[PDB]
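Asker: Here we go, the starting part of the complex in its complex frame:
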Amino acid sequence: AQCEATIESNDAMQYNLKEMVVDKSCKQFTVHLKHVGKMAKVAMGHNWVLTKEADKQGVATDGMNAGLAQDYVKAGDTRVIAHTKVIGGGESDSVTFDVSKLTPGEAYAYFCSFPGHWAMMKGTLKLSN
(Lines give C-alpha, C1' and ligand atoms only; values in the text may rest on other atoms or scores of the structure.)
Protein backbone atom coordinates (compact mmCIF):
# COMPACT_ATOMS: atom_id res chain seq x y z
CA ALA A 1 0.00 0.00 0.00
CA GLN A 2 1.71 3.05 1.44
CA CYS A 3 4.20 4.78 -0.44
CA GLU A 4 7.27 3.92 1.48
CA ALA A 5 9.79 1.26 1.87
CA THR A 6 12.77 0.51 4.06
CA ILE A 7 15.86 -1.26 2.76
CA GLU A 8 18.98 -2.45 4.66
CA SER A 9 22.63 -2.52 3.56
CA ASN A 10 25.34 -4.15 5.58
CA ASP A 11 29.07 -4.81 5.94
CA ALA A 12 28.75 -7.90 3.71
CA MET A 13 27.91 -5.82 0.82
CA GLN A 14 24.30 -6.83 0.46
CA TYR A 15 20.88 -5.29 0.47
CA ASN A 16 18.21 -7.16 2.25
CA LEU A 17 15.54 -6.68 -0.43
CA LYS A 18 15.82 -7.93 -4.04
CA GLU A 19 12.57 -6.34 -5.16
CA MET A 20 10.46 -3.40 -4.24
CA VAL A 21 6.89 -2.68 -5.42
CA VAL A 22 5.48 0.83 -5.63
CA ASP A 23 1.66 0.76 -5.24
CA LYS A 24 -0.32 2.33 -8.12
CA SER A 25 -2.20 4.52 -5.71
CA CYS A 26 0.99 6.39 -4.89
CA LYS A 27 1.87 9.71 -6.41
CA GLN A 28 5.11 10.02 -4.19
CA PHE A 29 7.27 7.07 -3.04
CA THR A 30 9.88 7.24 -0.24
CA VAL A 31 12.79 4.84 0.23
CA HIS A 32 14.53 4.69 3.64
CA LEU A 33 18.00 3.28 3.33
CA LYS A 34 19.73 2.01 6.47
CA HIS A 35 23.37 0.98 6.85
CA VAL A 36 23.23 -1.63 9.60
CA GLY A 37 26.92 -2.39 9.57
CA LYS A 38 29.75 -0.70 11.39
CA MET A 39 32.19 0.12 8.65
CA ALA A 40 33.17 3.65 7.69
CA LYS A 41 31.73 5.28 4.61
CA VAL A 42 35.17 5.47 2.95
CA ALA A 43 35.55 1.78 3.21
CA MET A 44 32.06 0.40 2.83
CA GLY A 45 29.70 3.25 2.19
CA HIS A 46 26.31 2.52 0.54
CA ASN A 47 23.73 4.45 -1.40
CA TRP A 48 20.59 3.50 -3.34
CA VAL A 49 20.28 4.56 -7.01
CA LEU A 50 17.30 4.11 -9.36
CA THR A 51 17.63 3.80 -13.16
CA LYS A 52 16.07 1.95 -15.94
CA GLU A 53 17.51 -1.37 -16.07
CA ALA A 54 19.33 -0.54 -19.16
CA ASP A 55 21.16 2.38 -17.59
CA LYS A 56 22.68 0.32 -14.66
CA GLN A 57 26.24 0.04 -16.01
CA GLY A 58 26.66 3.52 -17.28
CA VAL A 59 25.27 5.26 -14.31
CA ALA A 60 27.40 3.04 -12.11
CA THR A 61 30.48 3.93 -14.10
CA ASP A 62 30.06 7.62 -14.24
CA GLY A 63 29.00 7.59 -10.56
CA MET A 64 32.18 5.93 -9.50
CA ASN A 65 33.95 8.67 -11.40
CA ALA A 66 31.99 11.32 -9.62
CA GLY A 67 33.67 10.83 -6.27
CA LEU A 68 32.49 10.56 -2.72
CA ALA A 69 31.59 14.27 -2.41
CA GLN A 70 29.01 13.69 -5.11
CA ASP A 71 27.64 10.52 -3.39
CA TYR A 72 29.10 8.52 -6.26
CA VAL A 73 26.52 9.80 -8.66
CA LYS A 74 27.36 12.01 -11.58
CA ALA A 75 25.65 15.32 -10.81
CA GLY A 76 22.57 16.01 -12.76
CA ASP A 77 22.75 12.51 -14.27
CA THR A 78 19.54 12.39 -16.23
CA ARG A 79 19.46 8.69 -16.28
CA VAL A 80 19.02 8.74 -12.55
CA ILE A 81 15.50 8.65 -11.25
CA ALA A 82 16.34 9.04 -7.62
CA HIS A 83 19.21 8.42 -5.27
CA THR A 84 20.28 8.71 -1.65
CA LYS A 85 23.56 10.06 -0.23
CA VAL A 86 26.38 7.71 0.50
CA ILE A 87 26.04 6.67 4.13
CA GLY A 88 28.33 4.66 6.58
CA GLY A 89 27.51 2.01 9.30
CA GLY A 90 24.94 3.22 11.82
CA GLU A 91 23.40 5.81 9.50
CA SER A 92 20.34 6.00 7.31
CA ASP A 93 19.08 8.28 4.55
CA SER A 94 15.78 8.67 2.72
CA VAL A 95 14.76 9.84 -0.73
CA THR A 96 11.24 10.67 -1.96
CA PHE A 97 10.51 10.65 -5.67
CA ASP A 98 7.60 11.29 -7.93
CA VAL A 99 6.04 8.07 -9.14
CA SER A 100 5.14 9.76 -12.39
CA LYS A 101 8.75 9.28 -13.38
CA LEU A 102 8.01 5.57 -13.64
CA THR A 103 6.07 3.95 -16.30
CA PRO A 104 3.82 1.02 -15.53
CA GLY A 105 5.07 -2.36 -16.50
CA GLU A 106 8.64 -1.21 -16.76
CA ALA A 107 11.75 -2.52 -15.14
CA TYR A 108 13.78 -0.48 -12.93
CA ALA A 109 17.03 -1.23 -11.43
CA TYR A 110 18.15 -0.07 -8.04
CA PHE A 111 21.75 -0.57 -6.91
CA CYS A 112 24.65 0.76 -4.88
CA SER A 113 27.00 2.98 -6.88
CA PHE A 114 29.84 3.06 -4.34
CA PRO A 115 32.94 1.70 -6.13
CA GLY A 116 32.57 -1.95 -7.00
CA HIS A 117 29.32 -2.42 -5.05
CA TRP A 118 26.91 -2.55 -7.96
CA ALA A 119 27.82 -6.04 -8.76
CA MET A 120 26.43 -7.51 -5.54
CA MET A 121 23.98 -4.77 -4.56
CA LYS A 122 21.17 -4.67 -7.00
CA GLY A 123 17.41 -5.19 -7.14
CA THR A 124 14.35 -4.57 -9.18
CA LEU A 125 11.66 -2.04 -8.65
CA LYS A 126 8.22 -2.01 -10.30
CA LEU A 127 4.95 -0.20 -10.20
CA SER A 128 1.95 -2.59 -9.41
CA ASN A 129 -1.59 -2.95 -7.94
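Answerer: Right, received. Where do you want to start? Numbering: from 1, shown residues only, chains lettered A, B, ... in the order given.
Asker: alpha carbons only for contacts and neighbour counts from here, please
Answerer: Will do.
Asker: Excluding covalently adjacent residues, which one is nearest to residue A:11?
Answerer: Excluding the flanking residues, the one nearest residue A:11 by C-alpha to C-alpha, 6 or more residues apart in numbering is residue A:37, at 4.9 Å.
Asker: okay but the one you found is in contact with residue A:10, surely?
Answerer: Yes: distance between residue A:37 and residue A:10: 4.6 Å, which falls inside the contact criterion (C-alpha atoms under 8 Å).
Asker: Angles on the backbone of the residue nearest to the spatial centre of chain A, please.
Answerer: With distances taken as C-alpha atoms, centre = their mean, chain A has residue A:48 as the residue nearest its mean C-alpha position (1.9 Å). Residue A:48 adopts backbone torsions of phi -140, psi 120, taken as degrees, to the nearest 10.
Asker: what kind of secondary structure is residue A:119 in?
Answerer: Per DSSP: H, G, I helix; E, B strand; the rest coil, the secondary structure class of residue A:119 is coil.
Asker: go on, residue A:65?
Answerer: Looking at residue A:65 with three-state DSSP, the answer is helix.
Asker: residue contacts, it?
Answerer: A:72, A:74 (C-alpha atoms under 8 Å, 6 or more residues apart in numbering).
Asker: ok, so what distance separates residue A:13 from residue A:88?
Answerer: 12 Å (C-alpha to C-alpha, to the nearest Å).
Asker: joint contacts of those two?
Answerer: Contact criterion C-alpha under 8 Å, 6+ apart; residues shared by residue A:13 and residue A:88: residue A:44.
Asker: More neighbours: these two, which one.
Answerer: Under the criterion of other C-alpha atoms under 10 Å, the comparison of residue A:13 against residue A:88 puts residue A:88 first, with 24 against 18.
Asker: go ahead and place chain B:
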Amino acid sequence: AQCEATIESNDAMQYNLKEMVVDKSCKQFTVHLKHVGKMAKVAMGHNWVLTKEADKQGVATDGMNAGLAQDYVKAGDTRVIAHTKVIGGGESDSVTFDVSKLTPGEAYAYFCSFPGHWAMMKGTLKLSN
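Answerer: Putting chain B together with the chains above:
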Protein backbone atom coordinates in the same frame (compact mmCIF):
# COMPACT_ATOMS: atom_id res chain seq x y z
CA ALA B 1 59.04 -26.74 2.02
CA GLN B 2 58.22 -24.73 -0.97
CA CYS B 3 58.57 -21.10 -1.53
CA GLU B 4 55.15 -20.90 -3.23
CA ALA B 5 51.54 -20.51 -2.11
CA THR B 6 48.13 -20.60 -3.81
CA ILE B 7 45.43 -18.25 -2.74
CA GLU B 8 41.81 -18.37 -4.02
CA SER B 9 39.44 -15.45 -4.59
CA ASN B 10 35.80 -15.79 -5.33
CA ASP B 11 32.49 -14.18 -6.16
CA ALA B 12 31.70 -13.39 -2.48
CA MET B 13 34.66 -11.13 -2.33
CA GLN B 14 36.79 -13.17 -0.10
CA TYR B 15 40.18 -14.70 -0.21
CA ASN B 16 40.38 -18.15 1.21
CA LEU B 17 43.51 -17.31 3.25
CA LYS B 18 43.70 -14.80 5.95
CA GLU B 19 47.39 -15.15 6.64
CA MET B 20 50.38 -16.31 4.62
CA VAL B 21 53.84 -17.32 5.83
CA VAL B 22 56.92 -17.22 3.81
CA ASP B 23 59.54 -19.71 4.90
CA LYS B 24 62.97 -18.31 5.83
CA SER B 25 64.61 -20.94 3.76
CA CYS B 26 63.26 -19.10 0.68
CA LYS B 27 65.26 -16.76 -1.51
CA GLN B 28 62.21 -16.00 -3.68
CA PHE B 29 58.51 -16.62 -3.17
CA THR B 30 55.65 -17.11 -5.66
CA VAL B 31 52.00 -16.38 -5.09
CA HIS B 32 49.48 -18.00 -7.42
CA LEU B 33 46.20 -16.22 -7.34
CA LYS B 34 43.11 -18.10 -8.67
CA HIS B 35 39.67 -16.60 -9.27
CA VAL B 36 37.42 -19.53 -8.69
CA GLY B 37 34.22 -17.71 -9.08
CA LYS B 38 32.29 -17.14 -12.28
CA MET B 39 32.07 -13.39 -12.47
CA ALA B 40 33.83 -11.37 -15.13
CA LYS B 41 36.60 -8.99 -14.34
CA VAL B 42 34.59 -5.86 -15.05
CA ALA B 43 32.27 -6.75 -12.29
CA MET B 44 34.29 -8.75 -9.85
CA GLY B 45 37.87 -8.72 -10.88
CA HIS B 46 40.48 -9.55 -8.20
CA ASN B 47 44.21 -8.92 -7.79
CA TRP B 48 46.72 -9.57 -4.94
CA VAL B 49 48.88 -6.62 -3.78
CA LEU B 50 51.50 -6.61 -1.13
CA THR B 51 52.56 -3.57 0.88
CA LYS B 52 53.60 -2.64 4.38
CA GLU B 53 50.59 -2.47 6.48
CA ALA B 54 50.68 1.15 6.61
CA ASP B 55 50.76 1.80 2.86
CA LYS B 56 47.47 -0.06 2.39
CA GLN B 57 44.89 2.71 2.16
CA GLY B 58 47.13 4.91 0.03
CA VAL B 59 48.15 2.26 -2.46
CA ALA B 60 44.57 1.20 -2.77
CA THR B 61 43.39 4.75 -3.28
CA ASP B 62 45.80 5.40 -5.84
CA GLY B 63 45.49 2.01 -7.62
CA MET B 64 41.84 2.69 -7.93
CA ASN B 65 42.57 5.76 -9.95
CA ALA B 66 44.91 3.88 -12.33
CA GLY B 67 42.09 1.90 -13.92
CA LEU B 68 41.43 -1.64 -14.99
CA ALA B 69 44.00 -1.62 -17.74
CA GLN B 70 46.65 -0.79 -15.20
CA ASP B 71 45.46 -3.65 -12.97
CA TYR B 72 44.22 -1.02 -10.46
CA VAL B 73 47.69 -0.37 -9.26
CA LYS B 74 49.52 2.78 -9.99
CA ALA B 75 52.57 2.13 -12.28
CA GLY B 76 55.87 2.31 -10.51
CA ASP B 77 54.18 2.59 -7.06
CA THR B 78 57.17 2.37 -4.70
CA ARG B 79 54.92 1.15 -1.89
CA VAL B 80 53.96 -2.00 -3.72
CA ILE B 81 56.24 -4.92 -2.97
CA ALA B 82 54.49 -7.19 -5.47
CA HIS B 83 51.15 -7.53 -7.24
CA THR B 84 49.40 -9.76 -9.73
CA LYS B 85 47.26 -8.54 -12.53
CA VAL B 86 43.51 -8.23 -12.16
CA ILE B 87 41.81 -11.52 -13.19
CA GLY B 88 38.24 -12.65 -13.64
CA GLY B 89 36.45 -15.94 -13.00
CA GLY B 90 38.14 -19.04 -14.23
CA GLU B 91 41.53 -17.24 -14.52
CA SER B 92 44.82 -17.35 -12.53
CA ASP B 93 47.94 -15.11 -12.28
CA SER B 94 51.31 -15.67 -10.52
CA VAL B 95 53.84 -13.25 -9.09
CA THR B 96 57.24 -13.93 -7.73
CA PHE B 97 59.27 -11.58 -5.56
CA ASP B 98 62.43 -11.43 -3.52
CA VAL B 99 62.22 -12.54 0.07
CA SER B 100 64.90 -10.09 1.01
CA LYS B 101 62.44 -7.22 0.47
CA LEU B 102 60.93 -8.56 3.54
CA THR B 103 62.03 -8.09 7.01
CA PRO B 104 62.01 -10.69 9.54
CA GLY B 105 59.39 -9.93 12.21
CA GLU B 106 57.27 -7.51 10.11
CA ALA B 107 53.60 -8.04 9.21
CA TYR B 108 52.77 -7.01 5.67
CA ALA B 109 49.26 -6.59 4.32
CA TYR B 110 48.02 -8.19 1.14
CA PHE B 111 44.69 -7.10 -0.36
CA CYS B 112 42.55 -6.77 -3.56
CA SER B 113 42.86 -3.19 -5.04
CA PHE B 114 39.92 -3.57 -7.37
CA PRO B 115 37.41 -0.75 -6.54
CA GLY B 116 35.83 -1.29 -3.20
CA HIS B 117 37.40 -4.75 -2.55
CA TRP B 118 40.11 -3.80 -0.03
CA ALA B 119 37.73 -3.60 2.93
CA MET B 120 36.91 -7.18 2.60
CA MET B 121 39.78 -8.87 0.87
CA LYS B 122 42.76 -8.44 3.06
CA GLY B 123 45.20 -10.62 4.97
CA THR B 124 48.57 -10.67 6.61
CA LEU B 125 51.90 -11.88 5.31
CA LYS B 126 55.19 -12.44 7.18
CA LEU B 127 58.32 -14.42 7.59
CA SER B 128 58.47 -17.75 9.30
CA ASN B 129 59.47 -18.10 12.99
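Asker: Residue B:22 versus the spatially closest residue to residue A:15 that is not a sequence neighbour, what's the distance?
Answerer: Closest residue in space to residue A:15, ignoring its immediate chain neighbours: residue A:9 at 4.5 Å, by C-alpha to C-alpha, 6 or more residues apart in numbering or on different chains. In this structure, residue A:9 and residue B:22 are separated by 37 Å, where distance is defined by C-alpha to C-alpha.
Asker: more neighbours, these two?
Answerer: residue A:9 (26 against 22; other C-alpha atoms under 10 Å in any protein chain shown).
Asker: Tell me which residues touch the more buried one, please.
Answerer: Residue A:9 sits next to A:15-16, A:33-37, A:46 when contact means C-alpha atoms under 8 Å, 6 or more residues apart in numbering or on different chains.
Asker: one more time with 7 Å
Answerer: Listed by C-alpha atoms under 7 Å, 6 or more residues apart in numbering or on different chains, the contact partners of residue A:9 are A:15-16, A:34-36, A:46.
Asker: same deal with residue A:27?
Answerer: Counting by C-alpha under 7 Å, 6+ apart, residue A:27 has contacts A:98-100.
Asker: try 10 Å
Answerer: Residue A:27 sits next to A:3, A:97-101 when contact means C-alpha atoms under 10 Å, 6 or more residues apart in numbering or on different chains.
Asker: Ramachandran angles for it?
Answerer: Torsion angles at residue A:27 (phi, psi; degrees, to the nearest 10) stand at phi -100, psi -30.
Asker: Could you see whether chain B lies near the helix or strand hosting residue A:125?
Answerer: Assessed by DSSP states H and E, residue A:125 sits inside strand A:122-128. No: counting by C-alpha under 10 Å from any C-alpha of the partner chain, chain B has no neighbours in strand A:122-128; the shortest distance is 12.5 Å.
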